[PDB]
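Asks: Next comes start-v1.txt, compact mmCIF, C-alpha atoms:
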# COMPACT_ATOMS: atom_id res chain seq x y z
CA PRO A 2 -38.85 -36.83 47.93
CA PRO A 3 -35.97 -36.42 45.47
CA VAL A 4 -32.84 -38.50 46.01
CA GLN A 5 -29.55 -36.71 45.44
CA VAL A 6 -27.51 -38.02 42.51
CA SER A 7 -24.56 -40.24 43.22
CA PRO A 8 -22.57 -37.53 41.41
CA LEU A 9 -20.80 -39.97 39.08
CA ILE A 10 -24.00 -40.31 37.08
CA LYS A 11 -25.03 -36.65 37.15
CA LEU A 12 -21.66 -36.12 35.50
CA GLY A 13 -21.92 -38.97 33.02
CA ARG A 14 -25.31 -37.88 31.72
CA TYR A 15 -25.36 -34.36 30.30
CA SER A 16 -21.93 -34.76 28.76
CA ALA A 17 -23.20 -37.66 26.66
CA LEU A 18 -26.31 -35.61 25.94
CA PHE A 19 -24.43 -32.82 24.23
CA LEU A 20 -22.10 -35.32 22.58
CA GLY A 21 -25.18 -36.78 20.94
CA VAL A 22 -26.51 -33.37 19.96
CA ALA A 23 -23.24 -32.65 18.17
CA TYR A 24 -23.29 -36.12 16.60
CA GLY A 25 -26.78 -35.49 15.27
CA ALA A 26 -26.02 -32.12 13.72
CA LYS A 27 -22.87 -33.59 12.17
CA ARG A 28 -24.76 -36.55 10.72
CA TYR A 29 -27.43 -34.27 9.27
CA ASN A 30 -24.87 -32.05 7.55
CA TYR A 31 -22.62 -34.87 6.34
CA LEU A 32 -25.53 -36.91 4.99
CA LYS A 33 -27.86 -34.43 3.25
CA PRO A 34 -25.86 -34.00 0.00
CA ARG A 35 -25.18 -37.65 -0.78
CA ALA A 36 -28.85 -38.59 -0.54
CA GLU A 37 -29.89 -35.49 -2.46
CA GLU A 38 -27.61 -36.42 -5.35
CA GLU A 39 -28.37 -40.14 -5.37
CA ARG A 40 -32.09 -39.37 -5.54
CA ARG A 41 -31.70 -36.71 -8.24
CA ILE A 42 -29.63 -39.07 -10.39
CA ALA A 43 -32.24 -41.76 -9.80
CA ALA A 44 -34.71 -39.17 -11.10
CA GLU A 45 -32.64 -38.88 -14.25
CA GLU A 46 -32.82 -42.67 -14.43
CA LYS A 47 -36.60 -42.79 -14.00
CA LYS A 48 -37.17 -40.11 -16.63
CA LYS A 49 -35.00 -42.22 -18.93
CA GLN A 50 -37.09 -45.30 -18.15
CA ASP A 51 -40.23 -43.26 -18.85
CA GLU A 52 -38.97 -42.23 -22.28
CA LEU A 53 -37.84 -45.83 -22.84
CA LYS A 54 -41.33 -47.23 -22.36
CA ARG A 55 -42.52 -44.26 -24.42
CA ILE A 56 -40.47 -45.45 -27.41
CA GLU A 57 -40.39 -49.16 -26.43
CA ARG A 58 -44.00 -49.63 -25.34
CA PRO B 2 9.18 -19.89 34.19
CA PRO B 3 5.44 -20.46 33.75
CA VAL B 4 3.04 -18.19 35.63
CA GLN B 5 0.01 -19.90 37.15
CA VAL B 6 -3.32 -18.86 35.65
CA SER B 7 -5.48 -16.45 37.56
CA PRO B 8 -8.06 -19.27 37.46
CA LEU B 9 -10.88 -17.06 36.17
CA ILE B 10 -9.27 -17.09 32.73
CA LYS B 11 -8.27 -20.75 32.68
CA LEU B 12 -11.98 -21.33 33.19
CA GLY B 13 -13.17 -18.80 30.63
CA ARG B 14 -10.99 -20.18 27.86
CA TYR B 15 -11.62 -23.85 27.08
CA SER B 16 -15.35 -23.48 27.59
CA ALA B 17 -15.50 -20.90 24.80
CA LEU B 18 -13.21 -23.15 22.77
CA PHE B 19 -15.64 -26.04 22.71
CA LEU B 20 -18.56 -23.65 22.28
CA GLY B 21 -16.89 -22.53 19.08
CA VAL B 22 -16.20 -26.09 17.96
CA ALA B 23 -19.90 -26.87 18.31
CA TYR B 24 -20.81 -23.61 16.56
CA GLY B 25 -18.57 -24.55 13.65
CA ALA B 26 -19.95 -28.04 13.18
CA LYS B 27 -23.48 -26.64 13.40
CA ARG B 28 -22.76 -23.94 10.82
CA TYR B 29 -21.23 -26.49 8.44
CA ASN B 30 -24.25 -28.79 8.66
CA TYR B 31 -26.88 -26.04 8.53
CA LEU B 32 -25.22 -24.29 5.58
CA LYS B 33 -24.12 -27.06 3.18
CA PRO B 34 -27.55 -27.79 1.59
CA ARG B 35 -28.65 -24.22 0.87
CA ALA B 36 -25.46 -23.41 -1.02
CA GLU B 37 -25.53 -26.77 -2.81
CA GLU B 38 -29.04 -26.08 -4.10
CA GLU B 39 -28.51 -22.43 -4.98
CA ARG B 40 -25.46 -23.37 -7.03
CA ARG B 41 -27.17 -26.31 -8.75
CA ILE B 42 -30.13 -24.13 -9.71
CA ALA B 43 -27.69 -21.50 -10.95
CA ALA B 44 -26.25 -24.33 -13.05
CA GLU B 45 -29.68 -24.90 -14.53
CA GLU B 46 -29.74 -21.17 -15.23
CA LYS B 47 -26.33 -21.16 -16.92
CA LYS B 48 -27.19 -24.15 -19.10
CA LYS B 49 -30.32 -22.23 -20.10
CA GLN B 50 -28.23 -19.17 -20.96
CA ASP B 51 -25.91 -21.41 -22.98
CA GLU B 52 -28.79 -22.78 -25.04
CA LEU B 53 -30.14 -19.24 -25.34
CA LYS B 54 -26.99 -17.93 -26.99
CA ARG B 55 -27.01 -21.17 -28.98
CA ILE B 56 -30.39 -20.26 -30.51
CA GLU B 57 -30.03 -16.46 -30.10
CA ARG B 58 -26.42 -16.01 -31.20
CA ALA C 1 27.29 -30.72 -9.93
CA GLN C 2 28.74 -33.47 -7.69
CA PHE C 3 30.38 -30.63 -5.69
CA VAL C 4 26.91 -29.01 -5.39
CA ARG C 5 25.59 -32.41 -4.17
CA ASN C 6 28.50 -32.52 -1.66
CA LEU C 7 27.51 -28.95 -0.64
CA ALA C 8 23.95 -30.30 -0.16
CA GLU C 9 25.36 -32.97 2.21
CA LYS C 10 27.09 -30.16 4.16
CA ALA C 11 23.77 -28.23 4.02
CA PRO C 12 22.04 -31.31 5.51
CA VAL C 13 24.56 -31.17 8.39
CA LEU C 14 23.79 -27.42 8.69
CA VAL C 15 20.04 -28.25 8.77
CA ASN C 16 20.73 -30.72 11.63
CA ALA C 17 22.57 -27.86 13.43
CA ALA C 18 19.51 -25.62 12.77
CA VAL C 19 17.31 -28.28 14.42
CA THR C 20 19.88 -28.53 17.24
CA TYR C 21 19.75 -24.74 18.07
CA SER C 22 15.89 -24.59 17.80
CA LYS C 23 15.33 -27.45 20.36
CA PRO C 24 16.57 -25.66 23.61
CA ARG C 25 14.48 -22.50 22.79
CA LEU C 26 11.61 -24.97 22.08
CA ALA C 27 12.48 -26.74 25.42
CA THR C 28 11.98 -23.39 27.28
CA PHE C 29 8.55 -23.09 25.55
CA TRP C 30 7.96 -26.77 26.53
CA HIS C 31 8.80 -25.92 30.21
CA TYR C 32 5.88 -23.38 30.12
CA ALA C 33 3.71 -26.01 28.25
CA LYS C 34 4.77 -29.03 30.49
CA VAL C 35 2.39 -27.99 33.38
CA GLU C 36 -0.54 -30.26 32.17
CA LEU C 37 -0.39 -33.87 30.76
CA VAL C 38 -4.16 -34.31 31.63
CA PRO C 39 -7.22 -31.88 31.76
CA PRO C 40 -7.13 -29.00 34.39
CA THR C 41 -8.12 -29.60 38.10
CA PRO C 42 -11.83 -28.91 39.13
CA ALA C 43 -10.41 -27.75 42.53
CA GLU C 44 -10.06 -24.01 41.83
CA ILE C 45 -13.47 -23.78 40.11
CA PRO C 46 -14.72 -22.47 43.49
CA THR C 47 -12.10 -19.71 43.51
CA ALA C 48 -13.05 -18.68 39.98
CA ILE C 49 -16.82 -18.69 40.52
CA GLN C 50 -16.35 -16.70 43.72
CA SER C 51 -14.16 -14.15 41.96
CA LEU C 52 -16.87 -13.91 39.30
CA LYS C 53 -19.52 -13.26 41.94
CA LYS C 54 -17.26 -10.62 43.49
CA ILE C 55 -17.00 -8.97 40.07
CA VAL C 56 -20.80 -9.02 39.91
CA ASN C 57 -20.83 -7.37 43.33
CA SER C 58 -18.41 -4.62 42.29
CA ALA C 59 -20.62 -4.14 39.23
CA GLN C 60 -24.16 -4.07 40.60
CA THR C 61 -23.56 -1.29 43.13
CA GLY C 62 -21.44 0.83 40.80
CA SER C 63 -18.18 0.70 42.76
CA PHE C 64 -15.81 -0.54 40.04
CA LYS C 65 -16.40 2.89 38.44
CA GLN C 66 -13.57 4.20 40.64
CA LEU C 67 -10.94 2.29 38.67
CA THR C 68 -8.14 3.79 36.61
CA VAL C 69 -8.03 3.30 32.87
CA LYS C 70 -4.95 1.12 32.37
CA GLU C 71 -6.54 -1.59 34.51
CA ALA C 72 -9.75 -1.66 32.49
CA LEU C 73 -7.79 -1.57 29.25
CA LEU C 74 -5.82 -4.61 30.39
CA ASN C 75 -8.99 -6.41 31.45
CA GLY C 76 -10.68 -5.79 28.11
CA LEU C 77 -7.65 -6.83 26.09
CA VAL C 78 -7.42 -10.14 27.90
CA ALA C 79 -11.18 -10.49 27.47
CA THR C 80 -10.75 -10.20 23.71
CA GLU C 81 -7.87 -12.65 24.04
CA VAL C 82 -10.21 -15.23 25.55
CA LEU C 83 -12.68 -14.29 22.83
CA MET C 84 -10.48 -15.09 19.83
CA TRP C 85 -10.56 -18.75 20.82
CA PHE C 86 -14.24 -18.80 19.84
CA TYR C 87 -13.35 -18.05 16.23
CA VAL C 88 -10.52 -20.55 16.71
CA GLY C 89 -13.09 -23.22 17.40
CA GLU C 90 -14.95 -22.11 14.31
CA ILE C 91 -11.68 -22.69 12.45
CA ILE C 92 -11.67 -26.23 13.76
CA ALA C 93 -15.17 -26.26 12.28
CA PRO D 5 -3.57 16.68 43.73
CA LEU D 6 -3.99 17.77 40.10
CA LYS D 7 -6.89 18.61 37.80
CA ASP D 8 -5.23 17.56 34.52
CA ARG D 9 -3.45 14.21 34.38
CA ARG D 10 -2.42 11.64 31.81
CA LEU D 11 -5.62 10.17 30.44
CA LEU D 12 -4.39 6.85 31.84
CA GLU D 13 -4.04 8.37 35.32
CA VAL D 14 -7.59 9.71 35.37
CA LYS D 15 -10.40 7.38 36.43
CA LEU D 16 -13.62 6.39 34.72
CA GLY D 17 -15.85 8.31 37.14
CA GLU D 18 -13.92 11.53 36.56
CA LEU D 19 -13.51 10.51 32.91
CA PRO D 20 -15.77 13.38 31.79
CA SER D 21 -13.90 15.67 34.18
CA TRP D 22 -10.81 15.04 32.06
CA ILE D 23 -12.83 15.31 28.86
CA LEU D 24 -13.99 18.77 29.95
CA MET D 25 -10.82 20.12 31.58
CA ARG D 26 -8.96 19.71 28.27
CA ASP D 27 -9.24 22.00 25.24
CA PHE D 28 -10.28 21.29 21.66
CA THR D 29 -9.32 24.24 19.43
CA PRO D 30 -7.32 23.43 16.25
CA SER D 31 -4.31 25.12 17.83
CA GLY D 32 -4.74 22.48 20.54
CA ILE D 33 -4.81 19.89 17.75
CA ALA D 34 -1.48 20.91 16.26
CA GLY D 35 -0.20 21.12 19.84
CA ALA D 36 -1.06 17.42 20.07
CA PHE D 37 0.13 16.06 16.74
CA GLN D 38 3.42 17.79 17.53
CA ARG D 39 3.66 16.09 20.92
CA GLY D 40 3.06 12.70 19.33
CA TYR D 41 5.63 13.19 16.59
CA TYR D 42 8.18 14.44 19.11
CA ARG D 43 7.64 11.60 21.57
CA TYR D 44 8.25 9.13 18.75
CA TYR D 45 11.22 11.14 17.46
CA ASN D 46 13.04 11.73 20.75
CA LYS D 47 12.38 8.15 21.89
CA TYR D 48 13.11 5.95 18.86
CA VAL D 49 15.07 8.15 16.43
CA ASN D 50 17.15 10.87 18.04
CA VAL D 51 19.53 8.32 19.61
CA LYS D 52 23.12 7.59 18.67
CA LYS D 53 22.38 4.03 17.50
CA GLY D 54 18.94 4.32 15.94
CA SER D 55 17.80 1.09 14.33
CA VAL D 56 15.28 -0.14 11.81
CA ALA D 57 12.49 -0.11 14.38
CA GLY D 58 13.22 3.59 14.66
CA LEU D 59 11.73 3.82 11.16
CA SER D 60 9.88 0.63 10.20
CA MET D 61 6.91 1.60 12.35
CA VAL D 62 5.82 4.62 10.33
CA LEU D 63 6.19 2.61 7.12
CA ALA D 64 4.08 -0.31 8.32
CA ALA D 65 1.61 2.28 9.60
CA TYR D 66 1.23 4.12 6.30
CA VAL D 67 0.71 0.63 4.88
CA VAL D 68 -2.34 -0.03 7.05
CA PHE D 69 -3.60 3.48 6.37
CA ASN D 70 -3.60 2.93 2.63
CA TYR D 71 -5.10 -0.50 3.16
CA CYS D 72 -8.08 0.86 5.08
CA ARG D 73 -8.47 3.52 2.38
CA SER D 74 -9.00 0.66 -0.07
CA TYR D 75 -11.33 -1.72 1.77
CA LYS D 76 -14.40 -0.82 -0.29
CA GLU D 77 -13.00 -1.92 -3.66
CA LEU D 78 -11.92 -5.26 -2.18
CA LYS D 79 -15.27 -6.68 -1.03
CA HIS D 80 -15.91 -7.72 -4.65
CA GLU D 81 -13.54 -10.70 -4.89
CA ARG D 82 -13.66 -12.48 -1.51
CA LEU D 83 -12.98 -16.06 -2.51
CA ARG D 84 -15.75 -17.34 -0.22
CA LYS D 85 -19.21 -15.81 0.01
CA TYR D 86 -20.45 -16.72 3.51
CA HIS D 87 -17.71 -15.65 5.90
Would you write out, as structure tokens, the structure that this file holds?
Replies:
Amino acid sequence: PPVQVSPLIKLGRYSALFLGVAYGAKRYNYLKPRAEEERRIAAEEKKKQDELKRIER
Amino acid sequence: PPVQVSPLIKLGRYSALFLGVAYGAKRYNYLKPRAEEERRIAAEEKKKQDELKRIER
Amino acid sequence: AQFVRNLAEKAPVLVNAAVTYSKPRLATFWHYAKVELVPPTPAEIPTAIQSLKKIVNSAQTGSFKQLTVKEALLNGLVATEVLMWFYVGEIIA
Amino acid sequence: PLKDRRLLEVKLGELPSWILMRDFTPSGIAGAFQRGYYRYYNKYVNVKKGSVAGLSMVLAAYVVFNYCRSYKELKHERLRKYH
């Protein structure tokens, strides 16, 4: 036997839902490049360390 | 002398507004990485062309 | 030189006059824009949804097909008006 | 009370009625271009205090004409790719 929403909450819910959906898409977009670049430059660093131990074994 | 909205349109407007705001944020997020990577790989390609004309001048 | 600088001071007074003339025309635009200091009422939502359903009624049976052109032209132009705001939101994006 | 009316007067249901009551022969094309030119002329030009707007319209029209003519050769320098 469903119990009708005290409408305050039925309002408060789905709004916040879509707020969070937007927040998530925004975070994804805003964050991808920084991590991509930090990791790629760390890859430069690790290749350099590899060649270091190659010449400084 | 303002003219009250024929409410149909006052409804139809701001909805579409925020739809488009969401669409824009989504496009930004979804699109950033692909272009970043295509351009960076094209940069690999152009460095390769540079070294090509260096050795094949 | 200094006279040109003095002319600039007069020009600054002229610029103040330019602001002075613009403000009443802007005030008339403000009178049209002063209707809402908070988001629109959810009271007429019923009127709008009911008008929408009445449009659907006129559509389903094929009775709106007795209209004259000018009316449909107007309707479509305001439809596209509403539409442009979608790209506007994209701009915000 | 009339078969032929201003295309704005006619309705959508009888839309094809108007489309079929009217003629299409090139003579009836000149006899349309003329009506357009003369409406413009006798409404915005042939008046004792004709203004800029009595002329500026045809200029800013020719402009858009020759812009459309050129659209093809301009898709090659859009500053941004994904529009």
Asks: If I take atom CA of residue 13 of chain D and atom CA of residue 68 of chain C, how far is one from the other in Å, to one decimal?
Replies: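 Computed distance, atom CA of residue 13 of chain D to atom CA of residue 68 of chain C, equals 6.3 Å.
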Asks: Please, what distance in Å, to one decimal, runs between atom CA of residue 58 of chain D and atom CA of residue 42 of chain D?
Replies: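 Between these atoms lies a distance of 12.8 Å.
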Asks: Go through chain B residue by residue and, counting only C-alpha atoms, keep those with an atom at most 10 Å from chain C; for each kept residue give the shortest atom pair and its distance in Å to one decimal, ordered by chain and increasing number, as CSV.
Replies:
residue,atom,partner,partner_atom,distance
B:2,CA,C:32,CA,6.3
B:3,CA,C:32,CA,4.7
B:4,CA,C:32,CA,8.1
B:5,CA,C:35,CA,9.2
B:7,CA,C:48,CA,8.3
B:8,CA,C:48,CA,5.6
B:9,CA,C:48,CA,4.7
B:10,CA,C:82,CA,7.5
B:11,CA,C:40,CA,8.5
B:12,CA,C:48,CA,7.4
B:13,CA,C:82,CA,6.9
B:14,CA,C:82,CA,5.5
B:15,CA,C:85,CA,8.1
B:16,CA,C:86,CA,9.1
B:17,CA,C:86,CA,5.5
B:18,CA,C:86,CA,5.3
B:19,CA,C:89,CA,6.5
B:20,CA,C:86,CA,6.9
B:21,CA,C:89,CA,4.2
B:22,CA,C:89,CA,4.3
B:23,CA,C:93,CA,7.7
B:24,CA,C:90,CA,6.5
B:25,CA,C:93,CA,4.0
B:26,CA,C:93,CA,5.2
B:27,CA,C:93,CA,8.4
B:28,CA,C:93,CA,8.1
B:29,CA,C:93,CA,7.2
Asks: How far is it from atom CA of residue 48 of chain B to atom CA of residue 30 of chain B, in Å with one decimal?
Replies: 28.3 Å
Asks: May I ask you to extract the residues of chain D within 8 Å of chain C, using all atoms listed in the file, and to give them as number ranges by chain?
Replies: D: 11-17
Asks: Give as a list in words every residue of chain D that touches chain B within 12 Å, counting only C-alpha atoms.
Replies: residues 84, 85, 86 and 87 of chain D
Asks: Find, counting all atoms listed in the file, the residue in B:41, B:6, B:58, B:52 that gets nearest to chain A.
Replies: B:41
Asks: Could you give me segment 20-38 of chain A completed to N, CA and C atoms, formatted as a CSV table (one decimal), in the frame of the given file?
Replies:
chain,number,residue,atom,x,y,z
A,20,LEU,N,-22.8,-34.5,23.6
A,20,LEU,CA,-22.1,-35.3,22.6
A,20,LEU,C,-23.1,-35.8,21.5
A,21,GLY,N,-24.2,-36.3,21.9
A,21,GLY,CA,-25.2,-36.8,20.9
A,21,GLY,C,-25.8,-35.7,20.1
A,22,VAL,N,-26.0,-34.5,20.7
A,22,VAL,CA,-26.5,-33.4,20.0
A,22,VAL,C,-25.5,-33.0,18.8
A,23,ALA,N,-24.3,-32.9,19.2
A,23,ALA,CA,-23.2,-32.6,18.2
A,23,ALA,C,-23.2,-33.7,17.1
A,24,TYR,N,-23.3,-35.0,17.5
A,24,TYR,CA,-23.3,-36.1,16.6
A,24,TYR,C,-24.5,-36.0,15.6
A,25,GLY,N,-25.6,-35.6,16.1
A,25,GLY,CA,-26.8,-35.5,15.3
A,25,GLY,C,-26.6,-34.4,14.2
A,26,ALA,N,-26.2,-33.2,14.7
A,26,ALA,CA,-26.0,-32.1,13.7
A,26,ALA,C,-25.0,-32.5,12.7
A,27,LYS,N,-23.9,-33.2,13.1
A,27,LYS,CA,-22.9,-33.6,12.2
A,27,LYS,C,-23.4,-34.6,11.2
A,28,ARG,N,-24.2,-35.6,11.6
A,28,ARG,CA,-24.8,-36.6,10.7
A,28,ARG,C,-25.7,-35.9,9.7
A,29,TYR,N,-26.5,-35.0,10.2
A,29,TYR,CA,-27.4,-34.3,9.3
A,29,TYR,C,-26.6,-33.6,8.2
A,30,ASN,N,-25.7,-32.8,8.5
A,30,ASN,CA,-24.9,-32.0,7.6
A,30,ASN,C,-24.2,-33.0,6.6
A,31,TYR,N,-23.4,-34.0,7.1
A,31,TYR,CA,-22.6,-34.9,6.3
A,31,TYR,C,-23.5,-35.7,5.4
A,32,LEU,N,-24.7,-36.0,5.7
A,32,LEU,CA,-25.5,-36.9,5.0
A,32,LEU,C,-26.4,-36.3,3.9
A,33,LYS,N,-26.9,-35.1,4.2
A,33,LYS,CA,-27.9,-34.4,3.2
A,33,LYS,C,-27.4,-34.5,1.8
A,34,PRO,N,-26.2,-34.1,1.4
A,34,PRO,CA,-25.9,-34.0,0.0
A,34,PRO,C,-25.8,-35.3,-0.7
A,35,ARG,N,-25.3,-36.4,-0.1
A,35,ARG,CA,-25.2,-37.6,-0.8
A,35,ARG,C,-26.5,-38.2,-1.2
A,36,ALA,N,-27.5,-38.1,-0.2
A,36,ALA,CA,-28.8,-38.6,-0.5
A,36,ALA,C,-29.5,-37.7,-1.6
A,37,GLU,N,-29.3,-36.4,-1.5
A,37,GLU,CA,-29.9,-35.5,-2.5
A,37,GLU,C,-29.4,-35.9,-3.9
A,38,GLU,N,-28.1,-36.1,-4.0
A,38,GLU,CA,-27.6,-36.4,-5.4
A,38,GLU,C,-28.0,-37.8,-5.8
